[PDB]
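Student: So that we are looking at the same thing, I have put the structure below in structure tokens.
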Number of protein chains: 6
Amino acid sequence: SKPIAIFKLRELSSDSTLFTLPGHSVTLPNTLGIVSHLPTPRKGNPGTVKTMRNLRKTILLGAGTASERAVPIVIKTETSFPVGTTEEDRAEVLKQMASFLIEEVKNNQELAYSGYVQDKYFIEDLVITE
Amino acid sequence: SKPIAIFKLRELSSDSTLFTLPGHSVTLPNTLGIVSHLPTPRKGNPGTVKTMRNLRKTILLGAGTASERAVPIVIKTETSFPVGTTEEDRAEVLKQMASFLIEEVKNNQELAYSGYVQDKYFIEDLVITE
Amino acid sequence: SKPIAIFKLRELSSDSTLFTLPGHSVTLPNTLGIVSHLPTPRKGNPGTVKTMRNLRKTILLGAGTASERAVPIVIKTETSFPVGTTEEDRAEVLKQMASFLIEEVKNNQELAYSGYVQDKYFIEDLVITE
Amino acid sequence: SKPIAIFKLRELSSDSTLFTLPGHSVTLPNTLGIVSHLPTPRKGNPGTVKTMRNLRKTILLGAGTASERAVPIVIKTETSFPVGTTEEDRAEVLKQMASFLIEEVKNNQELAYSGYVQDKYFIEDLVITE
Amino acid sequence: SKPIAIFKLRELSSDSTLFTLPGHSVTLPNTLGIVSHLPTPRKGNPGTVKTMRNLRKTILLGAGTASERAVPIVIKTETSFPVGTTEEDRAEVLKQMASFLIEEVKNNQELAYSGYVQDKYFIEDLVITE
Amino acid sequence: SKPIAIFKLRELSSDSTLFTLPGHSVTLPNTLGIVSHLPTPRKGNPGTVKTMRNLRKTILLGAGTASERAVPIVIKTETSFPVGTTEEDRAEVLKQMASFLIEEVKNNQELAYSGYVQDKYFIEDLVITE
Ligand SMILES: [Ca+2]
Ligand SMILES: [Ca+2]
């Protein structure tokens with residue numbers, strides 16, 4: 001229950017920024033890239049904010065083995081919210097997504113690591129406040 | 001705190017399936033597509049599982065207005081896990097992702113809906129795994 | 001007296017940086033933008049620093065009216081100071097400028113919003129320090 | 001506190017009027033000029049009043065030096081207010097502007113004369129009345 | 001013994017930034033450019049960080065003379081550190097470099113300003129690290 | 001605080017000379033190359049002495065690992081001083097450079113090894129005499 005910190009690093013572009021997680025070594029990078037494409041209003045149409053978040057953690061593979069491979073694990077999350085959308089709706093889709101991720105962790109990454117796809121899934125609704 | 005229940009609508013493909021969320025009206029679709037590509041072993045390289053899941057909730061804009069628009073809110077989580085990684089490391093990246101989602105909801109969608117890229121981000125660690 | 005905080009939004013370029021004011025909303029933007037063209041020393045001519053700053057506030061018109069128009073309200077300030085000018089004189093021109101703006105607000109936007117040209121003007125050279 | 005008096009010099013046109021500040025000298029001009037483009041009501045669109053005011057102060061450089069250059073120091077303010085905007089918001093943008101100018105004078109011309117971009121800014125919303 | 005203070009003038013590029021030294025007049029620039037190219041991992045080869053820093057001080061020649069010349073003095077330190085090296089080894093090379101610079105200043109710039117290549121060089125080891 | 005010695009080796013060219021550091025093995029070279037380009041006076045222009053110093057230290061990488069890489073660490077320092085430059089100015093730029101190197105060593109090679117670039121830097125002025 002100890003708070004996790006994420007620090008700034010080089011600003012790759014006007015929309016792309018790179019951040020270091022606490023587990024980040026130079027030999028094994030552990031970084032979160034965040035890119036926010038601001039909405040450009042089309043003629044007669046409201047914009048749609050786009051946010052893409054690439055968390056990636058480098059893991060040594062077979063380090064004791066003579067053949068060693070430095071290999072990344074990536075969780076990317078892109079989120080397209082149109083302007084004028086209810087904050088409640090946005091919060092709902094985020095709650096559902098985080099809840100499914102957590103339930104998959106509790107599942108021992110059954111789907112992610114073993115390709116098993118259950119017919120019907122259940123995720124406990126998450127309620128968290130300040 | 002009602003368990004969010006997601007059913008299997010239909011099997012799109014051998015790797016693609018599409019589930020329906022509870023709020024799924026046929027007029028306003030509310031779907032969760034999940035695709036899992038089994039890793040393909042390569043000569044000298046272990047496979048890498050890829051699981052891509054998009055959650056999509058359809059919302060109206062200006063329902064009372066004569067000109068209304070049916071637009072989707074969309075979250076997407078791509079997860080590339082190489083074969084031979086630690087379940088601990090997978091849990092780490094997934095907990096970090098879900099925690100950042102939750103903290104961004106707790107942030108009143110500052111980053112997503114407004115485009116504020118904060119210099120440093122503090123996410124609560126997740127002990128809700130149980 | 002409550003200080004007003006101008007946050008950094010995104011860095012458009014090395015010259016242009018957009019900041020958001022506290023009144024900002026994504027539907028009705030309220031932003032300062034600020035650019036500083038550095039002095040380029042010429043052959044025997046010292047450079048001139050040009051700082052151009054554009055501040056725009058987006059307000060709706062006739063909200064209840066079925067025909068509503070979201071329009072901006074802009075105040076731009078361009079400031080060209082040559083290198084080697086005594087600082088005191090730049091302090092003077094800036095004080096004169098802010099004082100005239102303040103006196104026009106005191107005058108209830110006579111000049112600005114009614115286009116009434118006045119024959120003479122009077123402003124207060126208020127020296128405000130820390 | 002001594003009020004500063006801006007005199008009328010000559011009326012260039014119905015739009016443009018040049019005034020002289022108290023620091024004026026014919027060898028080193030010190031003048032405000034002020035123009036108010038009135039609103040032209042369009043077909044269903046209310047006009048926007050544009051008041052552009054250019055204030056220039058002419059100072060010598062290196063007087064004792066045999067090579068001296070009489071150069072101006074300019075601060076221009078352009079203010080575009082659409083018809084029907086609440087007066088309060090124009091008061092707000094003008095107060096914010098004058099306050100930022102004042103805080104830059106308080107800051108000893110860091111931004112203006114050294115081109116140092118700051119990450120955040122703070123100004124005081126001082127309400128000065130009659 | 002005053003702490004030498006170097007400020008960030010502006011962000012030139014995503015990898016390039018330019019700082020100003022204390023003695024930085026706009027007429028005689030005194031800058032420290034620093035560029036850090038993040039290592040690019042290669043197939044079978046770890047990345048190698050490269051950090052290049054040039055310190056440049058502008059000085060006049062024959063100021064009293066009618067024909068004077070504004071010329072730069074320039075130091076440049078390129079530092080290529082491969083990923084996975086020992087911080088001890090990095091400290092070794094950096095201490096050796098700074099010590100040779102100091103000993104060359106203590107040498108009254110024999111090598112740099114006169115071109116004397118001595119057969120054997122004795123540098124004090126640096127215990128000022130603290 | 002034990003003195004470090006640097007020995008002559010083969011004279012590569014009329015301007016380039018190679019030296020051995022004390023940590024120098026034949027299997028892992030540790031050498032300082034020094035090259036001094038003497039100033040050639042142009043017609044009506046004084047020369048500019050150029051001095052380039054490449055210190056490089058070879059480090060075994062993953063020696064216990066089956067895959068072993070012999071990899072160099074390079075600190076190069078080029079220094080261009082024009083003829084007629086004040087010795088005090090030369091000494092200042094060298095003091096600043098060595099001070100920044102030392103402060104970076106004290107920084108645990110934060111910039112050099114991890115690409116982190118602080119907004120504003122401070123280096124303690126170094127004063128050393130015979
Ligand atoms: Ca008249
Ligand atoms: Ca920045």
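Nothing in this text is a laboratory measurement; each read-out follows from the coordinates by a stated rule. Please note: Cβ atoms are built from the backbone with ideal geometry, for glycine as well, and neighbour counts cover all protein chains shown.
Student: So the check is Cβ under 7 Å with 6+ separation or different chains; which pairs have a first residue in the range F:74-91 that's more than 25 Å from F:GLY44 (Cβ to Cβ) and a second one that's hydroxyl-bearing (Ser, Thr, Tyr)?
Tutor: F:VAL74/E:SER80; F:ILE75/E:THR77; F:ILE75/E:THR79; F:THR77/E:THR77
Student: Checking F:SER36 against (1) touching a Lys or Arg at 6+ places or on another chain (Cβ under 9 Å); (2) exposed (fewer than 12 other Cβ atoms within 10 Å of the Cβ), which test does it fail?
Tutor: (2)
Student: Pairs only if they're at least six apart or on different chains, beta carbon under 7 angstrom, first in the range C:112-127 and more than 7 Å from every other protein chain (Cβ to nearest Cβ), second buried (at least 16 other Cβ atoms within 10 Å of the Cβ); list them, first residue then second.
Tutor: Close Cβ pairs satisfying both conditions: C:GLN118/C:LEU111.
Student: Moving on to the next point. Kindly indicate whether any position in the range C:20-31 is crowded, with 18+ Cβ neighbours inside 10 Å, within 16 Å of ligand 2 (Cβ to nearest atom) and of a type in the set (A, V, I, L, M, F, W, C).
Tutor: Within the range C:20-31, none of the residues are crowded, with 18+ Cβ neighbours inside 10 Å, within 16 Å of ligand 2 (Cβ to nearest atom) and of a type in the set (A, V, I, L, M, F, W, C).
Student: On to the next question. Kindly state which strands (runs of 3 or more DSSP E) lie completely within the range D:1-100 and contain at least 3 residues that are more than 7 Å from every other protein chain (Cβ to nearest Cβ).
Tutor: Values: elements: D:3-10, D:16-20, D:30-37, D:48-61, D:69-82.
In the range D:1-100, the matching strands (runs of 3 or more DSSP E) lie at D:16-20, D:30-37, D:48-61, D:69-82.
Student: State which residue is farthest from ligand 2 (Cβ to nearest atom) when the search covers only the range C:112-130 and only residues that are surrounded by fewer than 21 Cβ atoms within 10 Å (Cβ to Cβ) and assigned to a helix (DSSP H, G or I). Break it down into steps so the answer makes sense when it comes.
Tutor: Within the range C:112-130, the first condition is being surrounded by fewer than 21 Cβ atoms within 10 Å (Cβ to Cβ), and the residues that meet it are C:113-122, C:124-130.
Next, only the ones that are assigned to a helix (DSSP H, G or I) stay: C:113-114.
Details: C:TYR113: 38, C:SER114: 43 Å.
Among them, the one singled out is C:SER114.
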